[PDB]
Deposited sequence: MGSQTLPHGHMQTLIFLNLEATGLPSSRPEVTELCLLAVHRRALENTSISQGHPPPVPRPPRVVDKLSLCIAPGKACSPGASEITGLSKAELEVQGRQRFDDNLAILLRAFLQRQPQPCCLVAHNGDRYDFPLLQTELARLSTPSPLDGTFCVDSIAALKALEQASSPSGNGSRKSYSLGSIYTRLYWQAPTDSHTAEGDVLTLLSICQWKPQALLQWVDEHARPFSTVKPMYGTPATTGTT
């Protein structure tokens, strides 16, 4: 049975940040890739890496963080507080929320955000970020799900579950453009398309309200 009905659109979501949870990191890059459920509802071996649906909305943004990028974040992601400021990137701010709001508003409701390790990373982090704003959270009315739980579940029914490992186990290919918000969100879409009807249903079953996610750290 379904806790909240059928999610009308899935939003694959990926972030880059200044470091790992222990460093109370900040967002530096954010990608959203909105897909309607019909899009998710395969010939050959190894299985062709699936084409993205023809109809998707994509938002990819760069974000000046209020603190330095740890050296680790800098070398994996290719970003730095200093370069984003050279390119005049604005921070995680009220206008970024209206933007998110308007972007989310264009999607059939309700939404379900899907991030890889989202339960331990992107969600709580996004939650922390948004809590600083005075604009109402534009996420409070969405649902979320962590695609590590999904892939486990799905593979089980037919080992490492990091992004690339799964993508490589599934497709016998290397993921491209790793650690760019968009780059890795696409690879995430690829593995979620592995069994669309099965993932799509696993999502409906496990979706939970974003507002019940705890912030990574406090103010």
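- Unmodelled regions of the deposited sequence, numbered from residue 1: 1 to 4, 46 to 49, 167 to 174, 236 to 242.
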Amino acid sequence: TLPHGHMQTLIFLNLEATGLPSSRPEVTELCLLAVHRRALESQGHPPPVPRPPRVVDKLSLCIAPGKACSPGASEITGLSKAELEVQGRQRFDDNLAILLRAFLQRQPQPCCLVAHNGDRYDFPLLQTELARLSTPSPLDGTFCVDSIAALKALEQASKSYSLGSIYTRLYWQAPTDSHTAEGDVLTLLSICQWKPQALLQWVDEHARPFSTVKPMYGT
From here on, numbers count along this sequence of modelled residues.
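- Across the two stretches, 56 to 64 and 149 to 157, the PDB entry reports the greater mean Cα temperature factor for 149 to 157.
- Here 159 to 167 and 25 to 33 are compared by their mean Cα B-factor, and 159 to 167 comes out higher.
- Sorting the modelled residues of the chain by their CA temperature factor places residue 131 in the highest third.
- Residue 18: CA B factor lies in the middle third for its chain, per the PDB record.
- Among all modelled residues in its chain, residue 125 ranks in the middle third by Cα B-factor.
- Annotation for residue 185: CA B-factor lies in the lowest third of the chain's modelled residues.
- Placement of the Cα temperature factor of residue 76 within the chain: highest third of the modelled residues, per the deposited record.
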